[PDB]
Each structure stands twice: as structure tokens, then as C-alpha cells.
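Given as C-alpha cells, the chain that follows is alone and in the form deposited in one PDB entry.
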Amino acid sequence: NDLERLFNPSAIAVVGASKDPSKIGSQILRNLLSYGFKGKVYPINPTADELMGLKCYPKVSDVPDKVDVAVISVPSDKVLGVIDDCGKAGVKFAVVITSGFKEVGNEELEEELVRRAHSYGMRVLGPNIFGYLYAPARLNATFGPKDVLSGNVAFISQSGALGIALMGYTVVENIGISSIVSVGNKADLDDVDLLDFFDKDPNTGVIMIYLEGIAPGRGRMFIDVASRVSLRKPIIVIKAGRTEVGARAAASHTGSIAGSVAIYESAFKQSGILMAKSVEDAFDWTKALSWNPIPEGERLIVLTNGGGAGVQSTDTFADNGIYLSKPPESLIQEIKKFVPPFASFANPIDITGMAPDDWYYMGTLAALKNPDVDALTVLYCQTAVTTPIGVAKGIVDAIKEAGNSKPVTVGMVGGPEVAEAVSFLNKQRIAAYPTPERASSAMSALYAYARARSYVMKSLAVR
């Protein structure tokens, strides 16, 4: 079933808005308007005639318009009533904020909600969610932050509080968002339906999912869909319940049985999915995949001032099954024009600690231009000889003057000035990090996805 009208609705209704601006229904209404929804918004309230300067209606079906989406923010004992009115009004999607369903043991009520919805040809998101956001439609139907950075990352969250928090965290980590979707209890619409939409969506290039579990009998379809998506768009899953003890903890908070850990891991491999063990990993990888093409080969080059950062990088890469190889002679000789003879060209390429700013420019440029180099990680350790910002600008210039598009991550270590340089680089969608390991972990994700894509390609090879 097509979700075009959910993400790009002509008209949306907010049921549960109130004169009280504190209530959740009103918070949603405020986000819609502030984020700049260009369609029609119809507040629904039993008493008010006007909310937020918009004509309010007692019921959705009293609205003289075709309402595509209805955000339901009323207590659980009132939800079924609204569903019928919505069904009568021919609304196609009910976005149910309301809690008090399967997660608290009342599974009977949830199954009824979905049943009555379907009888009207209506689909249900949630329930027990914080809404959803779609940047390409200037649509913020959540009670989270009023804003996000625009970009190509879709985030699907099965967690409420964490999801709504991570929504705000994306700004701090400079991640561009195309969509935020709280899926909650997944009583009806789930990750498979959404993956199908984001597969087609030219605005979404990366998909990140916080996943606690999928519905029984849904896993096979999940692999078929995810697997085809992985061919063109990387999927990162933050698995809640990677351990036996954690699986049971997630099962409780969710209100469902815990599936097999080992089998979930296999399904992710068969789908070409990258599994992250932590929020930081997910966001670090996401940032790199969102801003870079896949490496076309294994000729990875590490560039550093001093061996310390290089060795940390070499260890990190090796932990991810990536092993550096001797660099092209054409590159070495290009660098040997300014670098002292005693320096190391074993890869990582050490240009010595006392190296000035322009050496980062020349070395980064030489590396990218060279046709035998597929990818580049640049590591910088702050010293009195350099300026962190001058190094960052040298790297920016070398990217633009290379006149190409090769994957590149940056790791910068130092004081307050380095924090600024790193921020500066990320503002220009260049994956930069405050440690060499994290920069090496980011680059490793690019290679992990390449190899994951290759896995699926071989898996679909025709007999």
C-alpha cells in the first residue's frame, strides 16, 4: 500500500489540540505550523472553534475537505470513537500518539484499533508514538524539537523517549534529516512498509533504524525488502537487545516476546544491513555514508602527522577487517617533494609531527588526484606549528580542487580550536571526528557497506 499521501498529505487533522498549549496535541499543532507546513491543517476539538488562528472543528467528518492524515492525541478510551469518525470521513492514515495499548498489556484494544481502521481502508501508525516528520514536505507532526537539519537521512524509531531525544541529537552531530518516523508498537505499519517508501524516495539516501523487534511472520518479507534497498541505500540498524539479558529488557518495555539474537544477526547479514552496537557508532557511520560515495577499491590511504594516530587507526581498521597496503609509487614521489626523506611511507603515510598547514593540503590533494587511490583518511594532531582551522581549510580546498568524489574521513585531536575545526568540516558535510579511531571507524563503515552490498548482489545472482 502506497504511503505517498502520509508523507506528502494535502490536508492533515490534529485531534486532541486544546486551548491549553501544554497538552501534547497542542505541541504537535505548533510544530506543524512553525516548521512551515504548506498544506491544510485542521485542529479538532469538542469545544474550541479556533486554535492557533485556524478554524477548529468538533469532528474530522465535519471538515469540508478530504483529510489525508489524522494525528490522534486523545486518551485511549476515546481513540476508537475518533477512528470511526476518521473512517467515516475517509481519512487514509491514522497517526495514533496515544499510549495504553500492547505495551501495557492491553493487546485486545490494539487489535481492535487496527481492525476498525482497516474496515474503512485506513492505515495505522503506532500507536504509542511521538509522531513523524518529513522535511521535503515541511511536515513536522511531532512533539519533539521544532526543527532539524535538512538532508538525506531517514530515521525510524521503535523507541519513544530515546527516539525523540535522538531527533534532537542529530542537530548536534550535524546530521541532515529527510524524515523522522516514530513507529512505536507497530500494530499495523512497520519497518517493511516504510523501507518500501524510502526505497522509492529520492530525498532519502540513508536509512537508520532503532529496532527492538519485528512482528511474527514478518521477518522473511523484511529481508526481501531490506535486501533490495541495501543495493542502492545503506541501512543502519541499532539493535536493542543484542544480548540475552538486553533482549528480555526490551521485550518488557515493548510488551512482546523476545526473538533469537543469533537469528536476527543472520537476517541483518542477509539484508546487507550494518548493525551498530551504540548510538555513537550509528551516527558516526550515518554521517559518513550520507556524505560519501562507496569506495571503488581497497587502496585506502591514511595520512597522519606522527605515528601515534596512524597506529591507532591501523588497529581500528584491522578490528574491522581492513588492512592497509603500500601506497602507489606515483603518490610517494609526489609527496617526497616536500616531506623529509626519513619520513615513513608504509601506509599510514607519516608526514612528521612538525609538518606545517600547507602539507595537509598538498598531501590530501596528491592522494585524491592519484588514480590508484580509492579512499582517504586524514589524521591530525594539534601542535603549536599548525592551526587546526588552516588544516581543515587545506582539506576543504584539496577536496574541491581534486574535482572528483572519493570517500574521505577526517580525525582531529586537540584543544578547543580542534573542536571548532571539526565542527567547521562537518558543517560542510565532510565527515570529521575528534579522535583517529572514530574517523577510522567511519571509513570502515563505508567499506562495511560496500562488502554488505556485494553480499546481497552475490545472494541474488541468478542460477
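Residues that one form lacks are left out of the comparison. Basically, rigid core = biggest C-alpha set you can superpose within 1.5 Å across the two forms. Numbers for residues come from their place in the sequence shown, where the first is 1.
So 184-192 or 252-260, which one's hotter by mean CA B-factor in the entry?
According to the PDB entry, the answer is 252-260.
Between 34-42 and 399-407, which has the larger average Cα B-factor in the PDB entry?
Of 399-407 and 34-42, the stretch with the higher C-alpha B-factor average is 399-407.
Looking at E296, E265, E173, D281, which has the biggest Cα B factor in the entry?
Of the candidates given, the C-alpha B-factor peaks at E296.
Among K233, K269, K287, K337, where is the Cα temperature factor highest, going by the PDB entry?
Checking the PDB record, the top C-alpha B-factor among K233, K269, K287, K337 is at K337.
Relative to the other modelled residues in the chain, which third contains the C-alpha temperature factor of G105: lowest, middle or highest?
Tercile = highest for this residue's CA B-factor.
Lowest, middle or highest third - CA B-factor, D49
Highest third, going by the recorded CA B-factors of the chain.
Where does the C-alpha B-factor of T387 rank in its chain, lowest, middle or highest third?
Middle third.
Would you please rank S18 by its C-alpha temperature factor against the other modelled residues of its chain and give the third it falls in: lowest, middle or highest?
For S18, the deposited C-alpha B-factor lands in the highest third.
Classify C56 as lowest, middle or highest third according to the C-alpha B-factor given in the PDB entry, relative to its own chain.
According to the entry, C56 has a C-alpha B-factor in the chain's highest third.
Omitted here: the form deposited in another entry. The next part is about that form.
If I align on the rigid core, exactly one of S252, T383, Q333, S266 should have its C-alpha move by 2 Å or more between the shown form and the other one; which residue is that?
Comparing the C-alpha positions, the one residue that moves 2 Å or more is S252.
In sequence order, what stretches of at least three consecutive residues shift by 2 Å or more at the Cα level between the shown form and the other one, with the rigid core held as reference?
Run moving 2 Å or more: only 248-258.
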